[PDB]
Amino acid sequence: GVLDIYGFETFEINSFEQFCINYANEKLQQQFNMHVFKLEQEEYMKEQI
Amino acid sequence: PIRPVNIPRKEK
Amino acid sequence: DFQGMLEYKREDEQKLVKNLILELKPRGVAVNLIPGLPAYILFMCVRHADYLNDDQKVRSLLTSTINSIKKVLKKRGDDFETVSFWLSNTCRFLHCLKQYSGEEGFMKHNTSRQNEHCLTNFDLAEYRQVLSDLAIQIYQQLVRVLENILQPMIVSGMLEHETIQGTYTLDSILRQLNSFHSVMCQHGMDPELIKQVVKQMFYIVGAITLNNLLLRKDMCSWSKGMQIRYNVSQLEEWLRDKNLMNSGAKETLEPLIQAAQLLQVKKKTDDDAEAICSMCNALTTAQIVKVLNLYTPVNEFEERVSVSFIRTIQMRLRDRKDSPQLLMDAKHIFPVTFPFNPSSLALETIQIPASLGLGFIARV
Amino acid sequence: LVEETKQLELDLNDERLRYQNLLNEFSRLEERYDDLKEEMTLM
Amino acid sequence: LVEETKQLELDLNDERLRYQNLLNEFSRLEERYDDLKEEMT
Amino acid sequence: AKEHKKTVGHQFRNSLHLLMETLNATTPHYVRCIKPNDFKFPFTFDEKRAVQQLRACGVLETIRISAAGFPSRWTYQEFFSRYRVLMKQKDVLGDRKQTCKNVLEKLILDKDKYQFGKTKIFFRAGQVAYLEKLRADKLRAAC
Amino acid sequence: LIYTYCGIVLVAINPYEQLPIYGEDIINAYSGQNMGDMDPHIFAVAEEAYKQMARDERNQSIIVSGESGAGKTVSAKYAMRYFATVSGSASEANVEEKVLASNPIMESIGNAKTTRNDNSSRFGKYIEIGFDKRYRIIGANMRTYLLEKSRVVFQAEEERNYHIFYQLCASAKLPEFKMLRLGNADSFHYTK
């Protein structure tokens, strides 16, 4: 699955759609952070460190 | 019969 | 004196061919003695049928032989020795058919005793064309198999390995090439065919190396240029061992040599840039600009390539108008030809061995 | 000799490449024909 | 020079005839494959 | 009537939940593009566009987080090949692991600076630059 | 260079040019290669996705974020082309050809010109590509999220409505559209 969503874009004027965009991007960033943390501990436990 | 094969006969 | 007529039961003719083709294996020492026992036997049986003047029987024999060879290439095409031996068989069959079909051009350099064995009843030039087509097909299959074997070999052996003057080294490649050359020598390749195959494999390995070095940036170091050039040397005296400088593999190699020299040459001054443009004739402007763009200073003294140098290179060689392709054709196959090589073997004196178990093949 | 041989051998090599490619598609169609034979033997 | 030119022209003719014959046989094999595919489908 | 009762924000939340579950059920890969300039003409880079788009992407936060730990990693064979100059002949032995660890300990006093591993040694920010500077100085002095 | 590894992340720069770095020769060169050994490219992450299919046999995800339709759409199309080339299934390859040719239709009906980009994605898209036991493609799936509401009826200065409106307005001269009584784009309030 490929996901295509515009990133953290804030226009000059904000709206409900723009806030939803920002919140969805923040949720995506949260998923990113948690998964990369999972993978980095995965590799840290793969090796003896 | 995948390849059409003919046999030419020599003329002595 | 027996001329070598090969008498057999026609009803079990198929058994005959599957005794000569399907059941026979290249590992047999009997065929290993004189390269081409199946070819000589098949040709002499065809000649005996010509004595019998049985067009239908020889037609069936040739069709069955071709079908069985195709079936072997299908089921056992992966085996390098098997396909090499069958290529030997096909080449010798073609040469024998040329030598005694009845074309005086072939008997221009044939002994009178051999001329006495020439067929007279009928000709098989169209059969010769079909045989040549099958020879081209088996040659292509052999090239594919060799490439498949060599594909994972080159990257580790050539670039990843650090030459000292799943792990593969330069000596591993040399041993593989020596084994291959021995395999073709024992099977009975025509030496010109050997030269062509060696040229093909050298082109393949050179193209793979060029593509890998062009796609990798870290691998591109001035230090590794000496290693690349030294390996190219090692290969060229390997060719000197087989005395195949006439083959032309070095001509396939100069793109790699030019890339290595360009990497080794200093790129500070445009006066050197013009010399580089002059010498780097084989490689197109695309690879040149790419390799200059991706160059990396391994040590402190070395410096990155100036954009002005890039502009000078681009403007000087714009007159070449080269193609925009970046990577060499890894799957390219050079055209292959089969020059006629006469055989001095005495056809009648050749006898079947006991190992093959050709009891139903009576010699007259 | 080199000039004339290269001049005609350019076209010779092109035609030989086409010949070899045609043999390649013949091999592919032979594989397809074998698949069809296997399917027929399935029934 | 004359002999080589004649030989090369003969080779050109041979290449042309082989090319055309293979084109015709390719068409025939395509027809056979298409017919077998239609019979299967 | 349930869909009409559900607001646009509620439907957006439900869609986000569905795609979130879909993503969590799969293994993700991440690619990001940065617009170099507003004028859009090819091959031209502006610092302002890059910094604002990096602030938006927040890549710098991941960069600094990895910098806090041991971002740089070096393979034993890789380290020996790169640092043969700083490698001493007397300390050269068959096993490059212990020898390179000892050489690193001699060169770098603080243990926390480097992280020993089974295959690669991990480093903090300054050690790569420090070692490269020492290697360059030694090489140029010898030459 | 446009591509660069940032940890597991890949980063690219919009070059506004058609560089030949997307040749299928390069695509097959990227095949059967370990991660990061080649220079950075989305071909590398696609190969890593297939490697993860081989190892863990769990579904893959590739996410692109940043500027709307700057490198996102083109990169996704490159990834689709890579997948189609690697699989090499004639009917399935036709399926991804249909998907690629359709991408303009969803661009027309869901994307519009903006100040940031004249071809900018105005909605979240998600494309699934199925795989059988042979790891070969067998089908595709479309999903959409968070389509802009104001764009349908409101268009900012120098910003257009969905491309489909203007595309049909300029093509209103076709005989089959004649009974639609459609004029130019300026003849309608949703496009002027």
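These protein sequence lines map, in sequence, to chains A, B, C, D, E, F and G. Throughout the first sequence, residue numbering follows UniProt numbering, covering 434 to 482 in sequence. Throughout the second sequence, residue numbering follows UniProt numbering, covering 1433 to 1444 in sequence. Throughout the third sequence, residue numbering follows UniProt numbering, covering 1445 to 1609, 1630 to 1828 in sequence. Throughout the fourth sequence, residue numbering follows UniProt numbering, covering 1060 to 1102 in sequence. Throughout the fifth sequence, residue numbering follows UniProt numbering, covering 1060 to 1100 in sequence. Throughout the sixth sequence, residue numbering follows UniProt numbering, covering 628 to 770 in sequence. Throughout the seventh sequence, residue numbering follows UniProt numbering, covering 98 to 289 in sequence. Don't be surprised by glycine CBs; every beta carbon is placed ideally from N, CA and C.
Closer than 8 angstroms, CB to CB, is residue i near chain D or not?
| i | result |
| --- | --- |
| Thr-1100/E | no |
For residue i, count neighbouring Cβ atoms within 10 angstroms of its own Cβ and tell me buried if that reaches 16, exposed if not.
| i | result |
| --- | --- |
| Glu-204/G | buried |
| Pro-1761/C | exposed |
| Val-755/F | exposed |
| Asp-1494/C | buried |
| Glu-145/G | buried |
| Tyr-1544/C | buried |
| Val-249/G | exposed |
| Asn-1592/C | exposed |
| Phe-220/G | buried |
| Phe-274/G | exposed |
| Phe-1765/C | exposed |
| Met-1099/D | exposed |
| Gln-1722/C | buried |
Under 8 angstroms, Cβ to Cβ, is there at least one residue of chain G near residue i?
| i | result |
| --- | --- |
| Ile-438/A | yes |
| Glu-476/A | no |
| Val-712/F | no |
| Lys-1681/C | yes |
| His-631/F | no |
| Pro-1788/C | yes |
| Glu-450/A | yes |
| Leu-1791/C | yes |
Whose C-beta lies closer than 8 angstroms to the C-beta of residue i among residues of the same chain, with five residues either side of it excluded?
| i | result |
| --- | --- |
| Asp-136/G | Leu-98, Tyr-100 |
Under three-state DSSP, which class holds residue i?
| i | result |
| --- | --- |
| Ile-482/A | coil |
| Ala-253/G | coil |
| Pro-655/F | strand |
| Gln-115/G | coil |
| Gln-742/F | strand |
| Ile-234/G | strand |
| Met-239/G | strand |
| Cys-1489/C | helix |
| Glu-732/F | helix |
| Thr-689/F | helix |
| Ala-1818/C | coil |
| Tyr-223/G | strand |
| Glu-1560/C | coil |
Can you find the residues in the same chain that come closer than 6 angstroms, C-beta to C-beta, to residue i, ignoring five residues on each side of it along the sequence?
| i | result |
| --- | --- |
| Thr-1776/C | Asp-1734, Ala-1737 |
| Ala-282/G | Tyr-263, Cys-266, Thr-288 |
| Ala-269/G | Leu-279 |
| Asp-1635/C | none |
| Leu-461/A | none |
Any Cβ of chain C within less than 8 angstroms of the Cβ of residue i?
| i | result |
| --- | --- |
| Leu-1076/D | yes |
| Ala-763/F | yes |
| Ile-123/G | yes |
Distance cutoff 8 angstroms, beta carbons only. Does residue i sit that close to anything in chain F?
| i | result |
| --- | --- |
| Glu-1766/C | no |
| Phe-444/A | no |
Who are the near neighbours of residue i in its chain, counting only those whose CB is closer than 7 angstroms to its CB and skipping five residues on each side?
| i | result |
| --- | --- |
| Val-1490/C | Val-1502, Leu-1505 |
| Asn-214/G | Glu-164, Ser-165, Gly-166, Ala-167 |
| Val-1800/C | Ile-1580, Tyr-1583, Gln-1660 |
| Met-1709/C | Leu-1703 |
| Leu-1568/C | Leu-1541, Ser-1545 |
| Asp-1073/E | none |
| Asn-1533/C | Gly-1480, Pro-1482, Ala-1483 |
Would you say residue i faces chain A, with C-beta separation under 8 angstroms as the test?
| i | result |
| --- | --- |
| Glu-154/G | no |
| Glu-204/G | no |
Is there a Cβ of chain B sitting closer than 8 angstroms to that of residue i, yes or no?
| i | result |
| --- | --- |
| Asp-1498/C | no |
| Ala-1569/C | yes |
Touching by the beta-carbon criterion (3+ pairs, under 8 angstroms), the segment 1553-1562 of chain C and the segment 1645-1662 of chain C: Remark: fewer than three beta-carbon pairs, one from each stretch, lie closer than 8 angstroms, so the segment 1553-1562 of chain C and the segment 1645-1662 of chain C are not flagged as touching.
Cβ contact check for the segment 1586-1604 of chain C and the segment 1471-1485 of chain C: 3 or more pairs under 8 angstroms: Too few Cβ pairs lie closer than 8 angstroms, so no.
Contact between the segment 189-203 of chain G and the segment 147-164 of chain G (3+ Cβ pairs under 8 angstroms): Contact fails: fewer than three Cβ-Cβ distances are below 8 angstroms.
The segment 1580-1590 of chain C contacting the segment 1080-1091 of chain D, beta-carbon criterion three pairs below 8 angstroms: These segments touch.
Cβ pair count under 8 angstroms reaching 3, the segment 699-719 of chain F against the segment 657-671 of chain F: At 8 angstroms Cβ cutoff, the stretches do not touch.
Given 8 angstroms, three or more beta-carbon pairs between the segment 1798-1815 of chain C and the segment 1650-1660 of chain C: Contact holds: three or more Cβ-Cβ distances are below 8 angstroms.
Any 3 or more C-beta pairs closer than 8 angstroms across the segment 236-251 of chain G and the segment 633-653 of chain F: Judged by Cβ distances under 8 angstroms, the segment 236-251 of chain G makes contact with the segment 633-653 of chain F, as three or more pairs qualify.
Segment contact flag, the segment 737-757 of chain F with the segment 1737-1747 of chain C, C-beta cutoff 8 angstroms, min 3 pairs: No, the segment 737-757 of chain F does not touch the segment 1737-1747 of chain C.
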